[PDB]
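The chain below stands alone and is given in structure tokens; this is the form deposited in one PDB entry.
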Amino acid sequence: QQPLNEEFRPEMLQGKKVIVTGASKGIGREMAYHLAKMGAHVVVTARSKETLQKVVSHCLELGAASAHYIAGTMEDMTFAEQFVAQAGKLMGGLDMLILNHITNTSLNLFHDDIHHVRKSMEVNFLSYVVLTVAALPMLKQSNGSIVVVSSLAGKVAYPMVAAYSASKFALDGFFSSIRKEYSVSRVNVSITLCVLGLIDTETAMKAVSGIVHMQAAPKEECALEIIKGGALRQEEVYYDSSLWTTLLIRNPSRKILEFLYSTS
């Protein structure tokens, strides 16, 4: 899509109607806090109602125009579809959909855990598609934005996270193809793919402990950079400690291959 040739300003999110998934902790929670500070209307989701309630409490205090939570599992495609319709009724519409949740994952060699591969695909990928289908009519009304939280493991291969990597690679293939479809069918809904390096979330620090030794970037800045990129309608956001990653990760050969086919 066409990005906004503008600098980011917090006023851009004031009164905006935002959904944040997997917002009970880590990056999702930090995104909900930044959005609350900007005076946005926020609807947060995850499975734990107790942690989600704590997130909403802080959001209301930070100055959100409104803040609500709806608890449930993204393993359940009916909840996924119903969540969006409910989130839209609470805010009276939708401007931005931030898809960020993932199924529980640990660092382990792949052996025979087909059920983890399937669950990663359903939760990390399939539910995102279901949420997008549910949200698209409201997003078309507001010329909104879809923000997809991915990973460096969704752009390059990593040992010990095969199922996870597969699900993140699937997000790129699906959302990048539909971005091209939206360009041709003149659908004014932006799609931002966020390619993240290791972030200092509670889950990440526990998961890589004693296995991986590398710099973890701050979650607060990470969340803000995701919100900025989505607000500016950027196609991709890259955020990592090294940079290095930042400038090596871009793929101009892919861009030429995609442009040269945007003529056949």
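Residues that one form lacks are left out of the comparison. One rule holds for the numbers: they count along the sequence shown, beginning at 1. For the two forms, the rigid core is made up of the largest set of C-alpha atoms that agree within 1.5 Å on superposition.
Omitted from view is the form deposited in another entry, to which the following refers.
212 is the only residue from 217, 212, 204, 62 whose Cα shifts by 2 Å or more between the shown form and the other one, the rigid core being superposed.
Taking the rigid core as fixed, one finds a CA shift for residue 242 of 2 Å or more between the shown form and the other one. Note: residue 212-residue 165 Cα separation is 3 Å or more longer in the other entry than here. Compared with the form shown here, the Cα atoms of residue 51 and residue 212 move at least 3 Å farther apart in the other entry. In a core-based superposition, a mobile segment is defined as at least three consecutive common residues whose CA atoms each shift by 2 Å or more; between the shown form and the other one, such segments span 211-214, 240-249.
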